[PDB]
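As structure tokens, the structure follows; a few thoughts come after it.
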Protein chains: 2
Amino acid sequence: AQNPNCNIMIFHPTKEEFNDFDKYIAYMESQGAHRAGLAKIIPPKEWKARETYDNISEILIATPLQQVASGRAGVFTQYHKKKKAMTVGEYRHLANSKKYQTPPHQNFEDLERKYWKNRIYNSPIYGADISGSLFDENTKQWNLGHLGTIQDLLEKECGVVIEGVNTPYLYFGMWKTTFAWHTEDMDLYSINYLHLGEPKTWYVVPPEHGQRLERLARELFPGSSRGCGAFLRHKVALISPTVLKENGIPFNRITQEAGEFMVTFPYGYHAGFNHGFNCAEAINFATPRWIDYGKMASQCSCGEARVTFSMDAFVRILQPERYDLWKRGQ
Amino acid sequence: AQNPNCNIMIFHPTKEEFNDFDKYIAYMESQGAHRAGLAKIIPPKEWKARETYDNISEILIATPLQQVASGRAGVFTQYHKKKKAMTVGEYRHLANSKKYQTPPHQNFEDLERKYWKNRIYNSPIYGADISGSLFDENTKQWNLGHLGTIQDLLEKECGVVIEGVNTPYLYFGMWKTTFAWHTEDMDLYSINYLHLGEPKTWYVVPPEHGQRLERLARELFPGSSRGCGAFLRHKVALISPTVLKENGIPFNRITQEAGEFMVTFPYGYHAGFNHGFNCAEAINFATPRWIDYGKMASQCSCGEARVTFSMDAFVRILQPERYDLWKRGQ
Ligand SMILES: O=C(O)c1ccnc(C(=O)O)c1
Ligand SMILES: O=C(O)c1ccnc(C(=O)O)c1
Ligand code: NI
Ligand code: NI
Ligand SMILES: [Zn+2]
Ligand SMILES: [Zn+2]
């Protein structure tokens, strides 16, 4: 078996290999990349997402989110407090202000230490889940707005036509902005491109060990667990690498820099943080190998978890026994 | 000047002419098609949207709408009463039931007479604005899920990058289901493909005469006009061809059949009805010629008009003086 230790693999496709997206995902999996839950892909030197990022300041962040923490430094939850709308230009200025700017640091490891030591004592503001794309329409390779849709994948594999659409989202981050431990909706794949700015550090648990993370989370957030059998779907819980190590949870970490893609694989739990002002674009996607994961995906039915229009058909077709209960939660 | 009488033109592109969508829209306009407000395009015989429609019955209509009329036979409003969810298979069975099925009729003109005589005395159920597509992903020509986005058009023309996405919608209709007099959001173009089933009859006012329709509507719906300076944006008012003729309003009519495209042009008011069970797909789009119409588009700020996520950026960039007032309405 390839990649038995479940290491995060890094790929350097040629421009020829960068033409057929589906084919290259399949290639990565043939080398065992999916066992880690996360892979990095560095585009060929001839490739670019768009010409420049000089004209993005007028994009609106309609609902910036202030991420307020509760708990202890290595085990905490965060809630999202809505703030007034602001443009990307205004947001960038805020990110670089004395209150919010990245501190002096020696290297990525030093900054990681500072993050886990000090995150809970600040409340950074995140510009998340903004429908849109920064890929040029003329970019034909790995354009996240031009991927095959999940609805078409389900139709091709299972023969049923369903409603729903599948479009990309933008994320504008600043120092200490945080994404909580989660898998994707319906345990889909995701792909994330860091367009511009400072790095993003990722943590990931191998899909074959996801249940170990779930069990620890139940122990560490006992009230939350009693409230919902799938509370990690709420995307609010953080556990540090030190605490994961203390509890023997298998995981890996890697830092993504501007110009790099990350792919998360079905049922790969991940979490992470931004180093400073940046912009990323992400979208979910499916392959034939996903279908079995979709059929088995846990669901939140307590009502807390956010849910897109497209989710209904996924649950309806792949999980008909769970559909009525889930629908009541929606 | 081409097409000075503003007649609805019908086009028969060859398979070669069907390759470049933008180029063919520009060609139609060079022949004066836009002066009518509406054009029909019959695809080349070699073209197909998808292989079959045999597997669409499991699509969900989450919120079917019962269209309840008030007023008189030729001048009425309709409101939408929400009904329980049903699949397309269930909806098709309902459309064909004795209560809702198309009556016996001699030809399209006979059915049109019956529609305007009897519409208000029934309340048909419409499956409208369902995000999704029935085009095969391998259909490369005139695939309504693969058009250039409005956001990219605005960026190309005016140099500013904006948030937002632009995806198609499905419409499942039955006898007497009705679309009220309206122009598109921001006076955009639209394109409509009738995938399957019974015909759709359209009425349209030439863009150069849109104000004449607005003035008559103010006279015929005086309370509505007092409530909102752009109340046709609410998409609830119907005026028959007989009443339009009585009041000297220039208009044209045409019936669309399965397998045919209709394009509406900026500020072309249109209305119409379905002949029986059918399914259509539609999306808005822009060209460089649209920008001046977008800048001048009326807006509803009374709060009634529905508004997509994408609308914000359009108003923000093209109509900054109106943005604050419009935003309060949203
Ligand atoms: O905020 C991010 O960068 C991020 C990373 C991974 N996943 C998500 C998500 O919402 O799935 C968001
Ligand atoms: O219901 C339709 O077929 C239809 C036709 C034209 N326009 C619209 C619309 O919502 O713009 C809907
Ligand atoms: Ni994620
Ligand atoms: Ni319309
Ligand atoms: Zn829950
Ligand atoms: Zn209004």
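If you're wondering about the labels, chains in the structure tokens are A, B, ... by order shown, residues count from 1 in each chain, ligands from 1 in order shown.
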
Query - Counting only C-alpha atoms, chain B residues within 9 Å of chain A, as a PyMOL selection string - result: chain B and resi 55-61+130-134+136-137+146+148-149+151-152+159-168+170+309-310+312-313+317

C-alpha atoms of the current selection, written as an mmCIF file, in the first residue's frame:
data_model
loop_
_atom_site.group_PDB
_atom_site.id
_atom_site.type_symbol
_atom_site.label_atom_id
_atom_site.label_comp_id
_atom_site.auth_asym_id
_atom_site.auth_seq_id
_atom_site.Cartn_x
_atom_site.Cartn_y
_atom_site.Cartn_z
ATOM 1 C CA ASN B 55 -34.312 10.515 -15.544
ATOM 2 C CA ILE B 56 -35.474 13.887 -14.185
ATOM 3 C CA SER B 57 -38.398 12.767 -12.001
ATOM 4 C CA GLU B 58 -36.393 12.822 -8.738
ATOM 5 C CA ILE B 59 -35.524 16.534 -8.923
ATOM 6 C CA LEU B 60 -37.114 18.294 -5.917
ATOM 7 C CA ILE B 61 -39.333 21.367 -6.159
ATOM 8 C CA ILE B 130 -34.897 26.237 -8.851
ATOM 9 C CA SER B 131 -31.099 26.511 -8.919
ATOM 10 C CA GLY B 132 -29.777 23.864 -11.314
ATOM 11 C CA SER B 133 -29.160 22.805 -14.917
ATOM 12 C CA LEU B 134 -30.296 20.063 -17.317
ATOM 13 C CA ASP B 136 -25.141 17.758 -20.320
ATOM 14 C CA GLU B 137 -21.630 18.770 -19.235
ATOM 15 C CA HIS B 146 -21.079 27.547 -19.157
ATOM 16 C CA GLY B 148 -19.271 34.025 -19.336
ATOM 17 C CA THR B 149 -20.346 35.548 -16.015
ATOM 18 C CA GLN B 151 -19.101 39.697 -12.908
ATOM 19 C CA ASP B 152 -16.375 38.945 -15.457
ATOM 20 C CA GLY B 159 -11.782 47.276 -14.689
ATOM 21 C CA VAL B 160 -13.170 46.474 -11.248
ATOM 22 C CA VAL B 161 -13.265 43.022 -9.675
ATOM 23 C CA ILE B 162 -16.445 42.224 -7.749
ATOM 24 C CA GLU B 163 -17.853 39.399 -5.647
ATOM 25 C CA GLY B 164 -20.772 37.293 -6.828
ATOM 26 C CA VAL B 165 -21.675 34.345 -8.977
ATOM 27 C CA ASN B 166 -24.146 33.746 -11.818
ATOM 28 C CA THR B 167 -25.848 30.301 -12.211
ATOM 29 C CA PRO B 168 -28.892 28.935 -14.095
ATOM 30 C CA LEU B 170 -35.051 25.692 -13.737
ATOM 31 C CA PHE B 309 -26.529 38.053 -3.685
ATOM 32 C CA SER B 310 -25.001 39.325 -6.927
ATOM 33 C CA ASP B 312 -25.349 44.324 -4.442
ATOM 34 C CA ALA B 313 -22.167 44.824 -6.453
ATOM 35 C CA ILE B 317 -20.563 50.086 -8.730
#

Requested in this report: Step by step, measure atom-to-atom distances between ligand 4 and each residue using only C-alpha atoms and all ligand atoms, keep those at most 8 Å, then write them as a ChimeraX atom specification.
Outcome: /B:179,182-184,190,264,270-271

Query raised in the report: When DSSP works through the backbone of this structure, what residues of segment 114-179 of chain A end up as strand (DSSP E or B), shown as a VMD selection string?
Result: chain A and resid 125 to 131 169 to 173 178 to 179

Atoms kept (N, CA, C and O atoms) for selection, written as a tab-separated table (two decimals), in the first residue's frame:
chain	number	residue	atom	x	y	z
A	125	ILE	N	-10.74	39.31	12.89
A	125	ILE	CA	-11.92	39.43	12.04
A	125	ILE	C	-11.62	38.78	10.70
A	125	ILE	O	-10.56	39.05	10.11
A	126	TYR	N	-12.51	37.87	10.30
A	126	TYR	CA	-12.38	37.01	9.12
A	126	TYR	C	-13.45	37.37	8.08
A	126	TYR	O	-14.61	37.60	8.42
A	127	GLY	N	-13.05	37.39	6.81
A	127	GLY	CA	-13.99	37.59	5.72
A	127	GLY	C	-14.24	36.29	4.98
A	127	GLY	O	-13.62	36.06	3.95
A	128	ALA	N	-15.17	35.47	5.47
A	128	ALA	CA	-15.31	34.08	5.02
A	128	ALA	C	-16.54	33.82	4.15
A	128	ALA	O	-17.54	34.53	4.25
A	129	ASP	N	-16.46	32.78	3.33
A	129	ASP	CA	-17.60	32.27	2.58
A	129	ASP	C	-18.26	33.35	1.72
A	129	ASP	O	-19.47	33.51	1.73
A	130	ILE	N	-17.44	34.10	0.98
A	130	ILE	CA	-17.92	35.12	0.06
A	130	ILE	C	-18.03	34.50	-1.33
A	130	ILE	O	-17.02	34.16	-1.94
A	131	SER	N	-19.25	34.35	-1.84
A	131	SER	CA	-19.42	33.76	-3.17
A	131	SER	C	-18.70	34.60	-4.22
A	131	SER	O	-18.93	35.81	-4.31
A	169	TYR	N	-15.95	29.98	-3.32
A	169	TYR	CA	-16.00	31.00	-2.28
A	169	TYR	C	-14.63	31.61	-2.05
A	169	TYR	O	-13.60	30.94	-2.19
A	170	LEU	N	-14.63	32.88	-1.66
A	170	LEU	CA	-13.43	33.61	-1.27
A	170	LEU	C	-13.35	33.76	0.25
A	170	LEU	O	-14.37	33.91	0.94
A	171	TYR	N	-12.11	33.78	0.74
A	171	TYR	CA	-11.79	33.94	2.16
A	171	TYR	C	-10.72	35.00	2.29
A	171	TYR	O	-9.62	34.79	1.80
A	172	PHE	N	-11.03	36.10	2.96
A	172	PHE	CA	-10.03	37.12	3.28
A	172	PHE	C	-9.65	37.00	4.74
A	172	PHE	O	-10.52	37.11	5.59
A	173	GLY	N	-8.37	36.75	5.03
A	173	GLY	CA	-7.93	36.47	6.39
A	173	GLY	C	-6.96	37.50	6.91
A	173	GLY	O	-6.44	38.33	6.17
A	178	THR	N	-8.96	31.85	12.12
A	178	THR	CA	-8.92	30.43	12.44
A	178	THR	C	-10.00	29.62	11.75
A	178	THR	O	-11.16	30.04	11.76
A	179	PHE	N	-9.65	28.47	11.18
A	179	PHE	CA	-10.70	27.53	10.78
A	179	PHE	C	-10.66	26.31	11.71
A	179	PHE	O	-9.62	25.67	11.92

**Report entry** Near-residue 248 of chain A list (10 Å; only C-alpha atoms; drop same-chain fewer than 5 positions) as a PyMOL selection string
**Finding:** chain A and resi 212-213+216+242-243

Query raised in the report: Could you pull out all residues of segment 7-172 of chain A with a DSSP call of helix (DSSP H, G or I) and give them as a ChimeraX atom specification?
Result: /A:21-30,33-36,88-95,108-121,150-158

Requested in this report: Let me have all residues with an atom within 12 Å of ligand 3, counting only C-alpha atoms and all ligand atoms, laid out as a PyMOL selection string.
Outcome: chain A and resi 37-38+128-129+169+171+178-192+202-204+232-233+235+262-273+280-285

**Report entry** Distance query residue 220 of chain B at most 10 Å, only C-alpha atoms, self and fewer than 2 positions along chain excluded, as a PyMOL selection string
**Finding:** chain B and resi 75-76+214-218+222-225+237-239

Saved selection, atoms kept: N, CA, C and O atoms, as a short mmCIF file (atom, residue, chain, number, x, y, z; two decimals), in the first residue's frame:
data_model
loop_
_atom_site.label_atom_id
_atom_site.label_comp_id
_atom_site.auth_asym_id
_atom_site.auth_seq_id
_atom_site.Cartn_x
_atom_site.Cartn_y
_atom_site.Cartn_z
N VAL B 75 -56.80 42.53 -16.46
CA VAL B 75 -55.98 43.38 -15.61
C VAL B 75 -56.00 42.81 -14.20
O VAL B 75 -56.99 42.98 -13.48
N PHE B 76 -54.95 42.10 -13.81
CA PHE B 76 -54.96 41.43 -12.52
C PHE B 76 -53.57 41.33 -11.93
O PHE B 76 -52.57 41.50 -12.63
N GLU B 214 -44.85 51.28 -18.57
CA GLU B 214 -44.79 51.73 -17.18
C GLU B 214 -45.90 52.72 -16.86
O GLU B 214 -46.55 52.63 -15.80
N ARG B 215 -46.15 53.65 -17.77
CA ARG B 215 -47.19 54.65 -17.54
C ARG B 215 -48.58 54.00 -17.47
O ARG B 215 -49.39 54.35 -16.62
N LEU B 216 -48.85 53.06 -18.37
CA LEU B 216 -50.13 52.36 -18.31
C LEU B 216 -50.25 51.56 -17.01
O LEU B 216 -51.31 51.55 -16.37
N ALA B 217 -49.18 50.89 -16.61
CA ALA B 217 -49.22 50.11 -15.38
C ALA B 217 -49.53 50.99 -14.17
O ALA B 217 -50.28 50.58 -13.28
N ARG B 218 -48.97 52.20 -14.14
CA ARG B 218 -49.26 53.12 -13.04
C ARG B 218 -50.75 53.45 -12.99
O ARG B 218 -51.36 53.49 -11.92
N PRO B 222 -53.17 51.60 -9.41
CA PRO B 222 -52.81 52.88 -8.77
C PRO B 222 -52.31 52.75 -7.33
O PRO B 222 -51.38 53.47 -6.97
N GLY B 223 -52.88 51.86 -6.53
CA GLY B 223 -52.37 51.64 -5.18
C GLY B 223 -50.95 51.12 -5.18
O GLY B 223 -50.11 51.57 -4.40
N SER B 224 -50.66 50.17 -6.07
CA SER B 224 -49.32 49.60 -6.16
C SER B 224 -48.30 50.67 -6.53
O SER B 224 -47.19 50.70 -6.00
N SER B 225 -48.68 51.54 -7.46
CA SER B 225 -47.79 52.59 -7.92
C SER B 225 -47.46 53.56 -6.78
O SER B 225 -46.32 54.02 -6.67
N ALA B 237 -47.84 41.86 -11.74
CA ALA B 237 -48.91 42.51 -12.51
C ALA B 237 -49.07 41.94 -13.92
O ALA B 237 -48.08 41.78 -14.65
N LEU B 238 -50.31 41.65 -14.29
CA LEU B 238 -50.63 41.19 -15.65
C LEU B 238 -51.60 42.13 -16.36
O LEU B 238 -52.55 42.63 -15.76
N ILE B 239 -51.32 42.36 -17.64
CA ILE B 239 -52.16 43.15 -18.52
C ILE B 239 -52.29 42.38 -19.82
O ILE B 239 -51.27 41.99 -20.39
#

Taking 2 positions as the minimum chain separation for residues in the same chain, which residues sit within 12 Å of residue 104 of chain B when counting only C-alpha atoms? Answer as a JSON list (two decimals) with N, CA, C and O atoms, in the first residue's frame.
[["chain", "number", "residue", "atom", "x", "y", "z"],
["B", 98, "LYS", "N", -57.09, 16.06, -13.86],
["B", 98, "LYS", "CA", -58.25, 16.76, -14.43],
["B", 98, "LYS", "C", -58.34, 18.22, -13.97],
["B", 98, "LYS", "O", -58.71, 19.10, -14.75],
["B", 101, "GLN", "N", -55.05, 20.07, -15.94],
["B", 101, "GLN", "CA", -54.58, 19.77, -17.30],
["B", 101, "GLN", "C", -55.07, 20.78, -18.35],
["B", 101, "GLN", "O", -56.12, 21.40, -18.20],
["B", 102, "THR", "N", -54.29, 20.94, -19.41],
["B", 102, "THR", "CA", -54.66, 21.77, -20.55],
["B", 102, "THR", "C", -56.01, 21.33, -21.13],
["B", 102, "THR", "O", -56.22, 20.14, -21.35],
["B", 106, "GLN", "N", -58.02, 24.13, -30.41],
["B", 106, "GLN", "CA", -57.82, 23.96, -31.84],
["B", 106, "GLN", "C", -56.40, 24.26, -32.31],
["B", 106, "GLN", "O", -55.87, 23.60, -33.21],
["B", 107, "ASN", "N", -55.80, 25.28, -31.70],
["B", 107, "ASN", "CA", -54.48, 25.78, -32.08],
["B", 107, "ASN", "C", -53.98, 26.72, -30.98],
["B", 107, "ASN", "O", -54.66, 26.92, -29.97],
["B", 108, "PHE", "N", -52.79, 27.31, -31.17],
["B", 108, "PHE", "CA", -52.23, 28.19, -30.15],
["B", 108, "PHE", "C", -53.11, 29.43, -29.91],
["B", 108, "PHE", "O", -53.23, 29.90, -28.79],
["B", 110, "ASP", "N", -56.40, 29.71, -30.21],
["B", 110, "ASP", "CA", -57.55, 29.26, -29.43],
["B", 110, "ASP", "C", -57.16, 29.14, -27.95],
["B", 110, "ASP", "O", -57.90, 29.59, -27.06],
["B", 111, "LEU", "N", -56.00, 28.55, -27.68],
["B", 111, "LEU", "CA", -55.58, 28.37, -26.29],
["B", 111, "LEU", "C", -55.29, 29.73, -25.65],
["B", 111, "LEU", "O", -55.60, 29.94, -24.47],
["B", 114, "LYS", "N", -58.53, 31.22, -24.54],
["B", 114, "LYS", "CA", -58.97, 30.56, -23.31],
["B", 114, "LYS", "C", -58.18, 31.03, -22.09],
["B", 114, "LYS", "O", -58.76, 31.25, -21.02],
["B", 175, "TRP", "N", -50.34, 24.18, -17.24],
["B", 175, "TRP", "CA", -51.31, 25.06, -17.87],
["B", 175, "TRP", "C", -51.66, 26.26, -16.98],
["B", 175, "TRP", "O", -51.90, 26.11, -15.78],
["B", 275, "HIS", "N", -48.40, 26.46, -21.65],
["B", 275, "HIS", "CA", -49.53, 25.75, -22.25],
["B", 275, "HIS", "C", -49.90, 24.46, -21.52],
["B", 275, "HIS", "O", -51.01, 23.96, -21.71],
["B", 276, "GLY", "N", -48.99, 23.92, -20.72],
["B", 276, "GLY", "CA", -49.15, 22.61, -20.11],
["B", 276, "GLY", "C", -47.84, 22.26, -19.42],
["B", 276, "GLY", "O", -46.97, 23.12, -19.29]]

Report task. Give the residues close to ligand 5, within 7 Å, counting only C-alpha atoms and all ligand atoms; write them as a list in words. Result ->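 Residues lying within 7 Å of ligand 5: residues 228, 229, 230, 231, 233, 234, 300, 301, 302, 303, 304 and 305 of chain A.
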